[PDB]
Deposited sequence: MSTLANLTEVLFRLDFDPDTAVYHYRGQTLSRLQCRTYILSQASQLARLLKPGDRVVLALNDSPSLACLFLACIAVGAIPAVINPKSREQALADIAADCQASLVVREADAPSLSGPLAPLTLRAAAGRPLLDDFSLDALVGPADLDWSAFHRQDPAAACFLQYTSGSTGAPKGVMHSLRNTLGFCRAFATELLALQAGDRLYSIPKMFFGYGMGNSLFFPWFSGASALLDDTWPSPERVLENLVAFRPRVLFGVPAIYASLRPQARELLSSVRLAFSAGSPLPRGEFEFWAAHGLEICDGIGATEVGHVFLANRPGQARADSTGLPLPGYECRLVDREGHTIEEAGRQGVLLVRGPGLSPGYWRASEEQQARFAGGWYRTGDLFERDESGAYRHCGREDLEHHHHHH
């Protein structure tokens, strides 16, 4: 296989550079604007990080976060995005687990300490559209025409996602493009220019796909918001941004019921993940003319791998495996279940599957045994081949 770089690959995708990619605080950035800034920032990060160095980003959703993440990948660093409001010990544990060289935090955040503590840098106060994260002062201004991408095997780790003792899921160029194609192209068929709004943030793998990657991958644009998603703020964003595609979770759709008319003004594709979408929620929204598509993803599988298809969703159901994925149910003795209406543990293989955990015991890595990911979820299949969640194994 040819050595490649995920950021470089995204930049080569054939979409109009003048179209929007990210929206933030009433402002918009084009593909070209972000690419220029990412390359400039990469030229600075290359003075600080060697290929392979890990980076933890403890930041609220913003274009600067998304661009910094891709600039890290551009230089061969391995970033991970975590909750900016993580307790100090939790951030320390993650930074220690991936042996991070650098942590980028919110303004006024404390410095990391302890054995092999990473360098801590801070975002600027005032929430600028584009932030240098003190790099101008630390390593000097950026180069003007940087393009020194670090190219590596497409199966090698290029970023981490942390969902007990923290476990970092490795994601590679190959399986990232894999989960993007299966979900953004094959399931949702996102179109260039589509305005996307994910309420879940980029420290959740669901939100990272929705907001960080799919805009680049499909030529769409995403609203990024660094404040918490109170129903009041979600409503403000809906009215201001008018997204065509909404990524939520079941409780969010419940909370949006009083604002159904405003949501229906612009939302044509409504997705729900994270936990099962109740029939009552599906049917409330159907009565207002909105189909909600329930699908399951997991960090170890990159994104959604089994879902209701737009135009064909059904209540009280998780739908069908996405193109490229294979799903299997096993009984308590490990035997494959062929019958309908019989629950078992769901295993999955396919394009989005992670190559493994960054640092783990053999027992932890055994969740990936045999080229499948063992979800730990109990599911049953009906005669049509559709799946329904039934709980967690024990």
Next item on the list: In sequence order, name the stretches of the deposited sequence that have no C-alpha in these coordinates.
Entry: 1, 165 to 168, 400 to 407
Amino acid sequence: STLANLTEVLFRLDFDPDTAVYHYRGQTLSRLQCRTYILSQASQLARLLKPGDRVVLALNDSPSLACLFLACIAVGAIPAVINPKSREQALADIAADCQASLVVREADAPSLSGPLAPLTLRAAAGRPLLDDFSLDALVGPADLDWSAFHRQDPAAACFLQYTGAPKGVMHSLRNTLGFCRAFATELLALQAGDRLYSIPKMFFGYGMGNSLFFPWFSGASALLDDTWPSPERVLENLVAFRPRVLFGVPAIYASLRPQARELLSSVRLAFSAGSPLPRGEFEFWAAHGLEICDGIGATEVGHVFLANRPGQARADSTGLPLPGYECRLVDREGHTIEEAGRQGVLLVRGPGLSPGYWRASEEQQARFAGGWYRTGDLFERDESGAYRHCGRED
From here on, numbers count along this sequence of modelled residues.
Notebook entry, point to check: Between us, would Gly114 come up missing in a third or more of the other compared entries?
Noted result: yes
Margin query: Considering only other entries where residues before and after it are modelled, is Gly164 without coordinates in at least a third?
Written below: yes
Check: Of 61 to 69 and 323 to 331, which one has the bigger average CA B-factor?
Finding: 323 to 331
Checklist line | Average Cα temperature factor in the PDB entry - higher stretch of 261 to 269, 88 to 96 | finding: 261 to 269
Check: Whose CA atom has the top B-factor in the entry, of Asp294, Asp225, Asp108, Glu300?
Finding: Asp108
Margin query: So if I compare the CA B-factors in the entry for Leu256, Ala137, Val81, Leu173, which one is the largest?
Written below: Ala137
Next item on the list: Relative to the other modelled residues of the same chain, rank the CA B-factor of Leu346 and answer lowest, middle or highest third.
Entry: highest
Checklist line | Third assignment of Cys34 from its chain's C-alpha B-factors | finding: lowest
Next item on the list: Using the B-factors in the PDB entry, rank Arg151's C-alpha atom against the chain and give the third, lowest, middle or highest.
Entry: middle
Check: When the modelled residues of the chain are sorted by Cα temperature factor, does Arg127 land in the lowest, middle or highest third?
Finding: highest
Margin query: What third of the chain does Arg367 rank in for C-alpha temperature factor, lowest, middle or highest?
Written below: highest
